[PDB]
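Q: Sequences listed follow chains A, B, C, D, E and F, in order. 80 is the number that full-length UniProt numbering gives to position 79 of the first sequence; each next residue is one higher, with no gaps. 4 is the number that full-length UniProt numbering gives to position 4 of the second sequence; each next residue is one higher, with no gaps. 108 is the number that full-length UniProt numbering gives to position 108 of the third sequence; each next residue is one higher, with no gaps. 45 is the number that full-length UniProt numbering gives to position 45 of the fourth sequence; each next residue is one higher, with no gaps. 1 is the number that full-length UniProt numbering gives to position 1 of the fifth sequence; each next residue is one higher, with no gaps. 651 is the number that full-length UniProt numbering gives to position 81 of the sixth sequence; each next residue is one higher, with no gaps. No residue lacks a Cβ here, since even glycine has one placed at the ideal position from N, Cα and C.
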Amino acid sequence: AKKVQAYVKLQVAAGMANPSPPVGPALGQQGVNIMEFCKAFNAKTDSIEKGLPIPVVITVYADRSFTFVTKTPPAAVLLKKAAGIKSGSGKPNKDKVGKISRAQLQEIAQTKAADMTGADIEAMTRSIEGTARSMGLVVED
Amino acid sequence: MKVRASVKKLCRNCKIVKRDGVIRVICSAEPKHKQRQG
Amino acid sequence: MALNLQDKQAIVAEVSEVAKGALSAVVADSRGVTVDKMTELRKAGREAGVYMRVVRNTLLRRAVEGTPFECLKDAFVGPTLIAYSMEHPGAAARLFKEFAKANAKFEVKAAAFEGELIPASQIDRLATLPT
Amino acid sequence: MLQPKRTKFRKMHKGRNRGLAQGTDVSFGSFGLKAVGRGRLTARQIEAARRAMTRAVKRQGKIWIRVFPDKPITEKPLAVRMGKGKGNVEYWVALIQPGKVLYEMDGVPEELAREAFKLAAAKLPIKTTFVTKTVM
Amino acid sequence: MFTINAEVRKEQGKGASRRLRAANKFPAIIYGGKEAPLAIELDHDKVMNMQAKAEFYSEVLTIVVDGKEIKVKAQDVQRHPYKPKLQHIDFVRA
Amino acid sequence: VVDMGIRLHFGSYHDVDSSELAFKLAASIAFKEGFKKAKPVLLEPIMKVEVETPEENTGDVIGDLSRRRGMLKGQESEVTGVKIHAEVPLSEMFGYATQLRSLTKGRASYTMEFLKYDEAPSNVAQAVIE
RNA sequence: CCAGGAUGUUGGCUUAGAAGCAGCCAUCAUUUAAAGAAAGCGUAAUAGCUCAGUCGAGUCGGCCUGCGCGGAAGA
Ligand SMILES: [Zn+2]
Numbered sequence: 002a003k004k005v006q007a008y009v010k011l012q013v014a015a016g017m018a019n020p021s022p023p024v025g026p027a028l029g030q031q032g033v034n035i036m037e038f039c040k041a042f043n044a045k046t047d048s049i050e051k052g053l054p055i056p057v058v059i060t061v062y063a064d065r066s067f068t069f070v071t072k073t074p075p076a077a078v079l080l081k082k083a084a085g086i087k088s089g090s091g092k093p094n095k096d097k098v099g100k101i102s103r104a105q106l107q108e109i110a111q112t113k114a115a116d117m118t119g120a121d122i123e124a125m126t127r128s129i130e131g132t133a134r135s136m137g138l139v140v141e142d
Numbered sequence: 001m002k003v004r005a006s007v008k009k010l011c012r013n014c015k016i017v018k019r020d021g022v023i024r025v026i027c028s029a030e031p032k033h034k035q036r037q038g
Numbered sequence: 001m002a003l004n005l006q007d008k009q010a011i012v013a014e015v016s017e018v019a020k021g022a023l024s025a026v027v028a029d030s031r032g033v034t035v036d037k038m039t040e041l042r043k044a045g046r047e048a049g050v051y052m053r054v055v056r057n058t059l060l061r062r063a064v065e066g067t068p069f070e071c072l073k074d075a076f077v078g079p080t081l082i083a084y085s086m087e088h089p090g091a092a093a094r095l096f097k098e099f100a101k102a103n104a105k106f107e108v109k110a111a112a113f114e115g116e117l118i119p120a121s122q123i124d125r126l127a128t129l130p131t
Numbered sequence: 001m002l003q004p005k006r007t008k009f010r011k012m013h014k015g016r017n018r019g020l021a022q023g024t025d026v027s028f029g030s031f032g033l034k035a036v037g038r039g040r041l042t043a044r045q046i047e048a049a050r051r052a053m054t055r056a057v058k059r060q061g062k063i064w065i066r067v068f069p070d071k072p073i074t075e076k077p078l079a080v081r082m083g084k085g086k087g088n089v090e091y092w093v094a095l096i097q098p099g100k101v102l103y104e105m106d107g108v109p110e111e112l113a114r115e116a117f118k119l120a121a122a123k124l125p126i127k128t129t130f131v132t133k134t135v136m
Numbered sequence: 001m002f003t004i005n006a007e008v009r010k011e012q013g014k015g016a017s018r019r020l021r022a023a024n025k026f027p028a029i030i031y032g033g034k035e036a037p038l039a040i041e042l043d044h045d046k047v048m049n050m051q052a053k054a055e056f057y058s059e060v061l062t063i064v065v066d067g068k069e070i071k072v073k074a075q076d077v078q079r080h081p082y083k084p085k086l087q088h089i090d091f092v093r094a
Numbered sequence: 571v572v573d574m575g576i577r578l579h580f581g582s583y584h585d586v587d588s589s590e591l592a593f594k595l596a597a598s599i600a601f602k603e604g605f606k607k608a609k610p611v612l613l614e615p616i617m618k619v620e621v622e623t624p625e626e627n628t629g630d631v632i633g634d635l636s637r638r639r640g641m642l643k644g645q646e647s648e649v650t651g652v653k654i655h656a657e658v659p660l661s662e663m664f665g666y667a668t669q670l671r672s673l674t675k676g677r678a679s680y681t682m683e684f685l686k687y688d689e690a691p692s693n694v695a696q697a698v699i700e
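1. Tell me the DSSP bridge mates of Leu41 of chain D?
2. Hey, which unbroken runs of the beta strand (DSSP E) at 3 residues or more fall wholly within the stretch 5-49 of chain C?
3. Below 8 Å on the Cβ atoms is my contact criterion, and I expect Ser121 of chain C with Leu23 of chain C to pass it. Report the Cβ-Cβ distance as a whole number of Å.
4. Anything in chain A within Cβ reach of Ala102 of chain C, meaning under 7 Å, just list it in chain order.
5. When you compare the CB of residue 139 of chain D with every CB in chain E, is at least one pair closer than 8 Å?
6. Just to check my reading of the structure: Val72 of chain E and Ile29 of chain E have Cβ atoms closer than 8 Å, yes? What is that Cβ distance to the nearest angstrom?
7. Is it the case that the CB of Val25 of chain B approaches a heavy atom of ligand 1 more closely than 7 Å?
8. Is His33 of chain B a contact residue of ligand 1, with contact defined as CB to any heavy atom under 7 Å?
9. With a threshold of 8 Å between beta carbons, is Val140 of chain A in contact with chain F?
10. Put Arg19 of chain B into one of helix, strand or coil per three-state DSSP.
11. Among all the DSSP beta bridges, which residues are the ones paired with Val101 of chain D?
12. Using a Cβ-Cβ cut-off of less than 9 Å, list which residues of the stretch 33-58 of chain C approach chain A; keep chain order.
13. How about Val15 of chain C and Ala63 of chain C: do their beta carbons lie closer than 8 Å?
14. Just checking: is the beta-carbon of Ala120 of chain A within a distance shorter than 8 Å of some beta-carbon in chain C?
15. Does the count of Cβ pairs from the stretch 632-643 of chain F and the stretch 651-666 of chain F closer than 8 Å reach three?
16. Does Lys607 of chain F come out as helix, strand or coil in the three-state DSSP assignment?
17. Can you tell me where the alpha helix (DSSP H) with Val47 of chain E in it begins and where it stops?
18. Restricting to Cα atoms, I'd like to know which of D:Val89, D:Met1, D:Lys86, D:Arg18 is closest to residue 174 of chain D.
19. DSSP on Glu590 of chain F, reduced to helix/strand/coil?
20. Indicate whether at least one CB of chain E lies closer than 8 Å to the CB of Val135 of chain D.
21. Three or more C-beta pairs under 8 Å: does that hold for the stretch 97-117 of chain D against the stretch 7-26 of chain E?
22. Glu98 of chain C by DSSP, collapsed to three states: which one?
23. Since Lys71 of chain D contacts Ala52 of chain D with CB under 8 Å, what's their CB separation in whole angstroms?
24. Which chain A residues are close to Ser588 of chain F, counting only those with a beta carbon under 7 Å from its beta carbon?
25. How many angstroms separate the CA atom of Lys51 of chain A from the CA atom of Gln645 of chain F?
26. Can you round the beta-carbon distance between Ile89 of chain E and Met50 of chain E to whole angstroms, since I take them to be within the 8 Å contact cut?
27. Once the 5 residues before and after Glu114 of chain C are set aside, which same chain residues still bring their CB inside 8 Å of it?
28. Cα-Cα, which of C:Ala112, C:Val54, C:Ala93 is closest to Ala127 of chain C?
29. What are the residues that DSSP puts in a beta bridge with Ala74 of chain E?
30. Put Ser679 of chain F into one of helix, strand or coil per three-state DSSP.
31. Closer than 7 Å by C-beta to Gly32 of chain D: which residues in its own chain qualify, once you throw out the five before and the five after it? Chain order, please.
32. Can you tell me whether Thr24 of chain D is buried or exposed? The criterion is at least 16 other CB atoms within 10 Å of its CB, across all chains shown.
33. Which residues of chain E have a Cβ atom closer than 8 Å to the Cβ of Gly99 of chain D, listed in chain order?
34. Between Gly644 of chain F and chain A, is the shortest Cβ-Cβ distance under 8 Å, so that the two count as touching?
35. Considering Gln645 of chain F, what are the terminal residues of the alpha helix (DSSP H) in which it resides?
36. Quick check on the burial criterion: 16 or more other C-beta atoms within 10 angstroms. Buried or exposed for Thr80 of chain C?
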């Protein structure tokens, strides 16, 4: 809403609270602490559910801590426990591989109340159904 | 620069200019693209 | 590139048909603004993220000309951006007014509320209208 | 290289190259390399010219060779007096008249066509021009 | 469809034909039906662009000579030895 | 030769022999044949490397490790510096010690520990036979 | 020329990590005047560059052809 001012985004999942092997000191080398990623981070994360890769802005000024506001995570994390399989595609397009559907990912991408453009629950609804088929999957809509 | 009868525009920043009567290739992104004798 | 004749006739023909049913069409200057700001303005007016669009003085001139409208050329000087309302009370002037949060007015050149022309010194009058 | 696997004769006279060419239109592919100048193409020039285009197109499409040497050339080595019998065949050439469809290509875009023949024409001694299949 | 303005020739032979190719023109001939052949001299450039279309060899043509539209069809065409030009085209009354 | 499980399934004894000496040798040839038969491959030691390089020569140490055919695991931030963790063939570590001190005036330092044995790189697998 | 050059989305698989910009695929949608699941450089991955309303009438590049240029350095 202003301009550039620090805003990285590197995570693996909502479960791993401030990991190290995946990233670690990579999530805090300019203004973020490789420790406070559990205080302000899990400030409400453990109050809901930890299992969905949820990124987040940084926003740093010069007041030690940071005021990062977590938001809706990628819609791809819903293609492993909300769409179907978690991986294993075998062959790209030489095979239809898997297949999603209409009802599927319908009320899954609807929960989003901090993203998506246009409230039209028909244009912003199918906006999260393109990739679900871009991976060789069939369209049962 | 590399001088040789043949001179062309390698990158898109190339320019075929004629000075005194000799074709040259000026560049502002790679000194290696400098040519002469076109 | 450019747009073919037939492809240009429709563009103006459309913006004209929507101007005949538009209950409002305020004009203002939007230079030096960013997308995050434009979007924010679009989110405020309509959750659809669709609001406030930039158009040339020409596309608008012949659009406002293709429809029985006069005395608006002064509103088309250089960078021009239109904001119409095809539905609901055209009292959405307060939204943009508060958005610009400017102590002046100039930016909001003019507008046309319910087929009634209004200068820049009237943008506040409508922006201060009670519920 | 390209050369007659068998010939009724080993040697042949000079043979002047006059008149125009026959193969001017493409009747095998959609594109092809046409000749413009006058001269003769050796087995090496033809082969080398084939590799160029065939390489610029990876392993897709198909190429044709309308031309063919079928003409032996004799030459005498150094330190050899004139006469003493006709020289020995060293290589085979092919008379190319202005308008001789040298090569042809099909199964690939038109853009990739010129590029392919462009790297092959540079191998040819005479000038060439790009042509496209025409109806009738 | 394709209107081609033409003019009856006043002299035949390779000599005249060549003089035509040296003035953006080329020899032609319209044979067919019970009518007798007619020497025709068409414009190079004009026909050079008309033959560029495949519809020129498929659809019927209309040659206008001395105030007369004769519906003919491209039977055969002789192209230049190596240059993108035309030498002579045969038309058939149909 | 290491990392292999050997099993015995069939055999027999004969008219005069049958001795600890006989079957001792009988086992030798069996192994030689098998190792050469089961697609042989080299195993080089991979080291765990931690490179501290200013805060400014950090990005330079990373790029250098990537070129050494190593595999970055992730970089840790220490003080006003950075610690880069990665695996790299003790083989290919060849001169990193000094190549690293050269791009840091010595600013950087590093520690190396053994981690595990992995299967070599085809190119190197040919140079070994002799 | 001064401008803008966005959003779903860091598209899915792969991978140490690939986010337009190794590589397999896929290439729909979107708010629009317009923005490719992306031209070239650049990153370790990001970042950062960046190509594809004003001014007010001219601009873009293939074909045939004339005349020239470089290619061309000897006692
Ligand atoms: Zn250059």
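A: This is what the structure holds:
1. D:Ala94
2. 25-28
3. Contact flag wrong, Cβ pair sits at about 22 Å.
4. Under the 7 Å cutoff, chain A gives no residues; its nearest Cβ is about 17 Å from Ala102 of chain C.
5. The requested residue 139 of chain D does not occur in the structure, where chain D is confined to residues 1 to 136.
6. Not a contact, Cβ separation roughly 10 Å.
7. yes
8. yes
9. So, not an interface residue.
10. DSSP places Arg19 of chain B in strand when its eight states are reduced to three.
11. D:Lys34
12. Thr34, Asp36, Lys37, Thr39, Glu40, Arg42, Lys43, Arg46, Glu47, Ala48, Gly49, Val50
13. yes
14. yes
15. yes
16. helix
17. 44-50
18. Since the displayed chain D opens at 1 and closes at 136, residue 174 of chain D lies outside it and no answer follows.
19. helix
20. Taking Cβ atoms only, chain E reaches closer than 8 Å to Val135 of chain D, which makes this a yes.
21. No, because fewer than three Cβ pairs between the stretch 97-117 of chain D and the stretch 7-26 of chain E fall closer than 8 Å, the two stretches do not touch.
22. helix
23. Their Cβ separation, rounded to whole angstroms, is 23 Å, which puts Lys71 of chain D and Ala52 of chain D out of contact at 8 Å.
24. The contacting residues do not exist; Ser588 of chain F stays about 55 Å from chain A at best.
25. 25 Å
26. Actually they do not touch by this definition, with Cβ atoms about 10 Å apart.
27. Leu23, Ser24, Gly90
28. Looking at the Cα atoms, C:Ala93 is the closest of the given residues.
29. E:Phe91
30. strand
31. Cβ contact annotation for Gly32 of chain D (same chain, cutoff 7 Å, sequence separation greater than five): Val26, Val101, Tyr103, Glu104, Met105, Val131, in chain order.
32. buried
33. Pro81, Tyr82
34. yes
35. Note, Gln645 of chain F: premise wrong, no alpha helix (DSSP H); beta strand (DSSP E) at 641-648.
36. buried
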